[PDB]
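# Per-entry structural report
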Amino acid sequence: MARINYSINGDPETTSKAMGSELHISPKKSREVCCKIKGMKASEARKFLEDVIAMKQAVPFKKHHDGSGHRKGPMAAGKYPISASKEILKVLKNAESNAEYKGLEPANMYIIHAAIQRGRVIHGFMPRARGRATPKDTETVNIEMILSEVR
Amino acid sequence: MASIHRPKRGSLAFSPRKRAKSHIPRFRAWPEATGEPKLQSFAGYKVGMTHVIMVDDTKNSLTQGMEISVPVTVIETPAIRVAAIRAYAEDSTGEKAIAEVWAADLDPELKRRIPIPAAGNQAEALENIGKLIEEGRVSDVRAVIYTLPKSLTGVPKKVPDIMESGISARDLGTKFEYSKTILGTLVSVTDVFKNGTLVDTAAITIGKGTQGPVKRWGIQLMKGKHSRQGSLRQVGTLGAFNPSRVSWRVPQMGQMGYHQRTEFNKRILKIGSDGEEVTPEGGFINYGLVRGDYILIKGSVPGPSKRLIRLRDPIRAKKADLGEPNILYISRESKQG
Amino acid sequence: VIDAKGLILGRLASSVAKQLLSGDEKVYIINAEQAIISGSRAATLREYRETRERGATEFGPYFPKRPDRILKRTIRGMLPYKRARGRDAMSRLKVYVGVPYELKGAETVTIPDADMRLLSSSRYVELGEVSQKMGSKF
RNA sequence: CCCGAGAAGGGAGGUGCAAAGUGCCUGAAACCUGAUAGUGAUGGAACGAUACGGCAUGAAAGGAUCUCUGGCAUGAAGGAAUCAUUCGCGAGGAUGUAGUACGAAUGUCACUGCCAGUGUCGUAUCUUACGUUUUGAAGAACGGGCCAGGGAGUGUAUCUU
RNA sequence: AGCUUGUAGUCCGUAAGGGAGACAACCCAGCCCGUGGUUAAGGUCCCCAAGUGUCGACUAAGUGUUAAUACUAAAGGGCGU
RNA sequence: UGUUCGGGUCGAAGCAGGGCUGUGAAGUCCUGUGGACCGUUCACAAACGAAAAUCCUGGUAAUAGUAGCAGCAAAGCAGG
RNA sequence: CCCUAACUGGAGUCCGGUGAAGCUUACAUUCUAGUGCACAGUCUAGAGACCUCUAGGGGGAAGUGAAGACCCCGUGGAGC
RNA sequence: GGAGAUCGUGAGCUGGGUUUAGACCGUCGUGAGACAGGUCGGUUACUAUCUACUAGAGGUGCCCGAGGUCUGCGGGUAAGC
Ligand SMILES: [Mg+2]
Ligand SMILES: [Mg+2]
Ligand SMILES: [Mg+2]
Ligand SMILES: [Mg+2]
Ligand SMILES: [Mg+2]
Ligand SMILES: [Mg+2]
Ligand SMILES: [Mg+2]
Ligand SMILES: [Mg+2]
Ligand SMILES: [Mg+2]
Ligand SMILES: [Mg+2]
Ligand SMILES: [Mg+2]
Ligand SMILES: [Mg+2]
C-alpha cells in the first residue's frame, strides 16, 4: 500500500539505494533476476539485463524451476524474465541516478543488496465451472536495490 | 484366469536403451587369430545402398548358380593410419595399458581431434615395450588407428576418428614385430579384409528421437472400442497391485535409436577403387558421389548414410571359405527415380 | 596384512572384523581365493548360487562374484558398516586375490584359531572355487 | 533539488520528542525475501530424551573457593592386582597377602580462567506422533495444511447430604 | 479356528525399565530424583558388553543355530551313525 | 469488586529473545521496541485458562509460475 | 480386426505475457521379509541409495472426491 | 498345462452380467409390494504432491589442468525357441 523500510542498510557514505515500489510483476522471476544480479557491477548488470530482454542471455532459475527447460551453454533450467528485467532495469537506473546525485560514481558501484519483497495483493476472481469463482490475483512486488562502491 | 500367452514385447537384451556414448562403435571382444599377422578391424563410412545381380555361389542354397539380386551397401573406406602401438599387462584385476608409442609422422588433420604428439620417444618407447614383452608383463598388443575423412566429399567432417584395432597373430613377439612394421603407415582395406569373406559391422544406429512404447517395443494398439476411448498408443497397464512398483521390464517411451549394434556375418562382395563404378546417376541421395576406394557389403548395415562403420572379421562365423563372388551387374541407375 | 591361505572364511572374517573395530590398523587380506569354507561342496555351491541370483535388478542384493569382494562382503556383514565406525572399518580394509605388487616382500600374520586343519573332515571347498563357479574371473 | 513519460513511484532533503508518512497507535504468528552460525551433493526418517565432543555465541539478567588440573584427611555399599600355599582332569576355586591399596561423597590447601547456559552438527543408547473410538492404534480406523482469535457443567424452583 | 462359551490364578486394559529381532498381556521386574556397586532374566565368534571357555559324547544333514507361543509338518521307513 | 500497600513519560501495558527461581502450573529479572496506564496483602465473584469438535471467523501457504488463456467461426501481413 | 503406417489442423513439448484450484499431522531416496487390529516408505533384520532438473504414462501412497446409497442397529422418521 | 500377484491389472480401457430409480411376463400376497425367476432400458469424476519405473540433462564427489584411447567392479538378455 505504502512505503517500505529496507531489509538491509548499507552505510550512507557510499550507499545509493532505490526501491521499485509494488510492481505488478512476477515475484518468482524477479527474485531469480535479483539473485543473479547481486554482486555484479551496475554497468555489467545493465548489459546482462539488456541481453536478457533481447533473449540472448538467460537467467538461471534454480529455486522455482518448474515449467522451465534447460538452456544452452553451461546452465540448468533458465528463462528470460522480460518484465522482471525491465522493472529491475528501471530500479537499477534509479539507483545509478541516486549515486550520481550523491556524488558517488555509478561506474564502480557493486550491487551489494538486491532483493524482492511481495507487496499488497489486489484480490481478483476467475469465473470457473459449476457456479464457482476462484481467486486470480495481481501480485505486487517491492524491489529493493542497494549499490555501493565498496567490496 | 485362462491365461493367453504372448512373448514379451521387445527385447530386454539391449537395456538400458540409452543414447550411445560415442559416435564410434566400440568392440568389446576380438576373435582369436588363425594365421598370419594382420589388423582385425577397419573403419569406413556408410554411403548408401544399391543392388547387384550376382551369380549365386552359396553352397547348398536353393538358388545356387542362378541369377539373384542382392541388396548391397556401398561403404567408403579410404586408407587408415596406424597411429600408436599400445601394449597391455594382464593380471587378476584385468588388462591394463602398460605403455604406448605413437608414430613419429602423423597427419596434420589430427589436431581437430587430439593435439599432435611430438616425434620424440620412437626408438626408446619401442625398446621399452620390447623389454616389457621380454620380461613377461605384456600380454597383448593393440594398434590405434584413425580414419582420414578429409578426402570424402559426402561426409562433411575432416577430423579423424580414433579407435583401437587388435592385431591378429599367434605369438606376442610376432604381434609386436608386425605392429612395428605397420606403425605410422597407411594400410588400405584390402590389407585387412579379402573379397568374399564375412565380417562384423558395428555402428551407432539411426537415432529416432524419444519414441513411444508402440514404436520402441512394438506393443499393441488398443483395439476396437478401446481404440477411441482416450488411450490408443499407451501401454494398458504398468504393473499389478503388488509388487507396488513399476518394473524396468514394462514397455515405456524413451530414446529409440542411436544405439550401438553389432551385425554378424555381413558378407563382402566387392573391393573397388573408383567411385564411378557404383555411384548412380545424380549421385547418392543426400551424400554425393563416391571418390575413394569402397567395399560392397551384402545386405543392410546399422546406421544411416555418412555414419562411421567399424568392420572386424567375424566372431561367430558358422560357414567356411566362401570364395570370390561373380557380380554380373552393379545397379548404378538413379536412386531418385 | 593377513595371509588367508588355508583359513576358515567366517572365523577369519570375525577376527578381522574385531581387529578393525579395535580401530587403528589397515588390514590387507592377500590370497583371498584360497580361503576355506566347511561343509559339503554341493550344499556350499547351492547356498552361494541361491545367494548370487537373489535380488531384483533395480533394488536387490548385488552379491559379488570375485573372491576378494566376497571376503570383503563377509567381513562387511560382521560390522556396523552403516555407522561411521563401520564405514571407517570398511575403508580400512583391503582384500586382494593373489599377492599384489606392493605387498611383495611384506610381513604377514595368520590367525591361529581360524586355521583349516583344526577342522576334522574333508568336507570343504575354497572360496576361489565358489567364486569361479559363480562365474567370476580372478 | 535529482531520476522518471508521469500530480505514479524512488533518492537526497525537511516537519515531528517519535514517521506515527493518509484504514497512518502498539504491530504477534502463519507465509514470503535477505543475512549470520552450523552442516551439506556416501545419505535413513516421529524430527526428541540422556551422555560425550567439533564450530559460533556467552554484554545484561548466572557462578568468582565459581571453572580447569592435582595433593592431603575422613571415606558408606563394594573390593582388587601381584605373590605364596593347597585343591581341582580342566576352565578355575579356597586360604593368606587384605576387608589391605582403592572406592560415591564430605572438608581443606594449592593450581587455573573458564564454566553454567544458548544455536547447530556429529558419535553411543532408547523412542513407529497427538487426541479419539477401541479388548487391542504408528495404523492401510476417525480429526487436523499452517498461524491468530472465538469455542463446551450456566440460572430458577424443589429434594437430599 | 488368532472360533465360541465357562471356571481358578495372574496379567494387559491402567504397567515403566531390562531381555527375547520386532512382540498389549512371554521371562526378570512392579517404578520418586542423582551417584557408586552387585546381581535378576538372558547372553559371552562378529554385528554387541562379556568365553574362538572347560570336561565327556553326538550330528555330516547348513539338520540346527526357534523356552511359552495364534510364530514350530505327520503316519510309515532307514544293513545313516 | 471491597480493603491494605504501591509502580509509572528519569518511561506503564503489550510484543521477540535470553538469565534465575520453582517438581510444575507460573512468577520475577535483563536486552530491544513502545508511548499510557499497571499491580500487590487479606477476602470475594465470574461471560475465568484450548491442541483437537470433517469446529467457527480472518490471514496465508504447498500444489505453481503449474492448469486455463486451443476443439463449436484455425486471421492476419507490408508501409506510414 | 490381422497390424499398424503416413499425412493434416488444434493441443502437448520449448519460448514471452497473464494466471487459479483440489489432497496436505510430521518426516520422507526406497526394496524384500517378518511383526504389528491378521494389507508397513517411518517398527525389527537385511539389501540398496550422490544430489538437483526436464519429459513420459499411471505401478504404489489400502491416491483424491464423500460422516456408505448394500447389511445390521435406533423402544429415529416419512410415504403407501 | 494349471495356479498366484487385493479371485494381479476401472487416477488403464470396456460395461456384456449382477446390485438403484421405469416397464412386462409367471408365481406369491386381500393389498402396498416381493422373488437367491426371466425379459427390455439404464451417468464410469480427478490439472500426479511424494514414491517407483522409463529415457534426456545440470552439478558436485574422485582428480597436477585438459584431451584422447582403453580396462572392467558390476547390471541385462531367450537373442534365440
Ligand atoms: Mg502478475
Ligand atoms: Mg452459473
Ligand atoms: Mg477403554
Ligand atoms: Mg483462545
Ligand atoms: Mg501371565
Ligand atoms: Mg495390572
Ligand atoms: Mg516390556
Ligand atoms: Mg487454535
Ligand atoms: Mg499456442
Ligand atoms: Mg456413517
Ligand atoms: Mg430398545
Ligand atoms: Mg489401477
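Where the PDB entry is consulted, chain C appears under the name Large ribosomal subunit protein uL13, with the organism given as Methanosarcina acetivorans. The PDB lists this entry under the title "Cryo-EM structure of Methanosarcina acetivorans 70S ribosome". Turning to chain C, the UniProt annotation filed under Function states: "This protein is one of the early assembly proteins of the 50S ribosomal subunit, although it is not seen to bind rRNA by itself. It is important during the early stages of 50S assembly." A UniProt comment under Sequence similarities is attached to chain C, and it reads "Belongs to the universal ribosomal protein uL13 family."

Named according to the PDB entry, chain A is Large ribosomal subunit protein uL22 originating from Methanosarcina acetivorans. UniProt's Subunit comment on chain A is quoted here verbatim: "Part of the 50S ribosomal subunit."

## With respect to the overall build of chain C
Counting its regular elements, chain C contains five helices and five strands. Mapped in sequence order, the helices and strands of chain C form the string β-α-β-β-α-α-α-β-β-α. For chain C, the C-alpha radius of gyration of 15 Å lies close to 14 Å, the compact-globule estimate for 138 residues. By its C-alpha atoms, chain C is 40 × 35 × 30 Å across when sized along the principal axes. Expressed as a percentage of its 138 residues, the buried residues of chain C come to 42%. When contacts within chain C are restricted to residue pairs at least 6 apart in sequence, long-range pairs at least 24 apart make up 80% of them. Between the mean site of the 26 positive side-chain charges and the mean site of the 16 negative ones, chain C shows a separation of 5 Å.

## So, the pattern of salt bridges
All names here are of chain B. Here the structure, examined in full by the defined rule, presents 21 salt bridges over all chains. Note that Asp107 and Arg81 form a salt bridge whose closest N and O atoms lie 3.3 Å from each other. Of the two residues, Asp107 is situated in the loop between strand 5 (96-102) and helix 1 (123-135) and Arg81 in strand 4 (residues 80-89); the sequence distance between them amounts to 26 residues. For the pair formed by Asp107 and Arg81, the shared burial category is buried. Residues participating in the shared-partner salt-bridge network are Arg86, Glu95, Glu100, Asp140, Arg142 and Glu164.

## Here's the deal with the interface of chain B and chain C
Contacts between the two partners involve four residues from chain B and, on the opposite side, eight residues from chain C. When chain B packs against chain C, close to 400 Å² is buried across both sides, 60% of that on carbon and sulfur atoms. Of all residues in chain B, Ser92, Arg245 and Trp248 of chain B give up the largest surface area on contact with chain C, accounting jointly for 91% of the area buried on that side. The interface formed by chain B and chain C includes zero salt bridges. For the pair chain B and chain C, the interface holds one residue pair in polar contact. Here the residues of the side of chain B that touches chain C sort into one nonpolar, two polar and one charged.

## Remarks on the protein's contact with RNA strand F
All names here are of chain A. Around RNA strand F lies a shell formed by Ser26, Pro27, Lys28, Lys29, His64, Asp66, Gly67, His123 and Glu139. Considering RNA strand F, the proportion of its atoms within 4 Å of the protein that are sugar or phosphate atoms stands at 74%. One of the side-chain N or O atoms of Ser26 is found 2.3 Å from a base nitrogen in RNA strand F. Within the side chain of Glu139, one N or O atom sits 2.7 Å away from a base oxygen of RNA strand F. Partitioned by chemical class, the residues of the surface near RNA strand F number one nonpolar, four polar and four charged.

## Quick notes on the protein's contact with RNA strand H
RNA strand H sits among 57 residues. The nearest are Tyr88, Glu95, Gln229, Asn242 and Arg316 of chain B. At 2.7 Å, a side-chain N or O of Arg52 of chain C approaches a phosphate oxygen of RNA strand H. A distance of 3.0 Å separates a sugar or linking oxygen of RNA strand H from a polar side-chain atom of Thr57 of chain C. No other element matches the three residues that strand 7 (residues 162-168) of chain B contributes to the surface near RNA strand H. Taken together, the residues of the surface near RNA strand H break down into 19 nonpolar, 17 polar and 21 charged.

## Points about the nonpolar core
In summary, soluble globular proteins display a tendency toward joint burial of nonpolar side chains. One finds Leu39, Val138, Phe193 and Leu296 of chain B to be the most contacted residues of the largest nonpolar core, which totals 68 residues. The biggest single contributor to this core is strand 4 of chain B, with seven residues. If we ignore the near neighbours within four places in the chain, the residues touching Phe193 of chain B are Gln40, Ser41, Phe42, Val199, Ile268, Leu311, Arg312 and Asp313 of chain B. By size, the runner-up hydrophobic cluster in this structure holds 31 residues, among which are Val16, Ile37, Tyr48 and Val130 of chain C.

## Topic: the arrangement of the chains
Separated in space, chain A and chain B share no contact, their closest pair of C-alpha atoms being 16 Å apart. There is no contact between chain A and chain C; across them, the least C-alpha separation is 27 Å.

## Notes on a positive patch on the surface
All names here are of chain B. On the surface, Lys18, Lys21, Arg26 and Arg28 cluster together to form a positively charged patch. Structurally, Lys18 can be placed in the segment before strand 1 (38-39). We classify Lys18 as partly exposed; its relative accessible area is 47%.

About the cut-offs
In this view, residue numbering begins from 1 on each chain in the order the sequence is written and may differ from the entry, while residues that lack coordinates are not shown. Starting at A for chains and at 1 for ligands, labels are handed out in the order in which the entities are written. A larger assembly contains the chains shown, yet all values here describe just the shown part. Hydrogens are left out, water is left out, and the side-chain values use all remaining heavy atoms of the structure. UniProt positions are given in the numbering used here, feature names are shortened, and annotations may be inferred rather than shown by experiment. Elements are defined by DSSP. Helices are runs of H or I of four residues or more, strands are runs of E of two residues or more, and each kind is numbered from the N terminus. Values of the radius of gyration come from C-alpha atoms, whereas the globule rule sets the reference at 2.2 Å times the count of residues to the power 0.38. Working definition: with a 1.4 Å probe on protein chains only, accessible area under 20% of the residue-type maximum means buried, over 50% means exposed, and in between means partly exposed. What makes two residues a contact is simply this: any of their non-hydrogen atoms within 4.5 Å. In this tally, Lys and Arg are treated as positive and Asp and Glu as negative; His is ignored, and so are the chain termini. A single reference atom marks each charge: NZ on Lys, CZ on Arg, CG on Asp, CD on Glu. When a carboxyl oxygen of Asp or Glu is within 4 Å of a side-chain nitrogen of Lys or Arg, the pair counts as a salt bridge. Using a 1.4 Å probe, buried area is obtained as the accessible area two parts lose upon being combined, added over both of them. Under this definition, polar contacts are N or O atom pairs within 3.5 Å; protein pairs additionally need one hydrogen-donor-capable and one acceptor-capable atom, and for neighbouring residues in sequence, both atoms have to be side-chain atoms. Each residue gets one of three labels, nonpolar for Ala, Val, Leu, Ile, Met, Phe, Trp, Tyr, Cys and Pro, charged for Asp, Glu, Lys and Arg, and polar for the others, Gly among them. Whether a residue is near a molecule or strand depends on its heavy atoms: if one lies within 4 Å, it is near. For this analysis, a nonpolar core means a set of buried residues of the types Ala, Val, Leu, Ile, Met, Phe, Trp, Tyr and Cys, connected via side-chain atoms within 4.5 Å. What goes into a patch is any residue over 30% in relative accessible area without a salt bridge, connected to like charges within 9 Å or, for nonpolar side chains (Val, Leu, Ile, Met, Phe, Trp, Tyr), within 5 Å. The method behind every accessible area is Shrake-Rupley, applied with a 1.4 Å probe, and residues are considered shielded solely by the protein chains displayed.

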